[PDB]
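Asks:
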Amino acid sequence: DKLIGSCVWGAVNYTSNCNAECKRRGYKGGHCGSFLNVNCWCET
């Protein structure tokens, strides 16, 4: 997983569609972590 942003409102690197963002950039997917769903962790 790669830290590109945060899946939490208010955060500077806020991004809701983390999965799409990561997929767009060129990653396997996105899930914001399978527990610590605070950061936009790109599946990789």
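Just so we're aligned, residue 726 is where the sequence shown starts under the numbering used here, counting upward by one. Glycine included, C-beta positions come from ideal geometry on N, C-alpha and C.
#1: Applying the criterion that 16 or more other CB atoms from any shown protein chain within 10 Å of the CB defines a buried residue, is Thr740 buried or exposed?
#2: In this structure, does DSSP put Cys743 in helix, strand or coil?
#3: So the beta strand (DSSP E) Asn764 belongs to, where does it begin and stop?
#4: Taking all protein chains shown into account, decide if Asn764 is buried (16 or more other Cβ within 10 angstroms of its Cβ) or exposed.
Replies: Walking through what the data contain:
#1: Sequence index remark: in the sequence shown, residue 740 carries index 15 (1-based). The residue in question, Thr740, is buried, as its Cβ has 16 or more Cβ neighbours within 10 Å.
#2: Counting from one through the sequence shown, the residue named residue 743 turns up at place 18. Correct three-state label for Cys743: helix.
#3: Position 39 of the sequence shown holds residue 764. Note, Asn764: beta strand (DSSP E), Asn764 to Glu768.
#4: Locating residue 764 in the sequence shown gives position 39, where the first residue counts as 1. Per the 10 Å Cβ criterion, buried.
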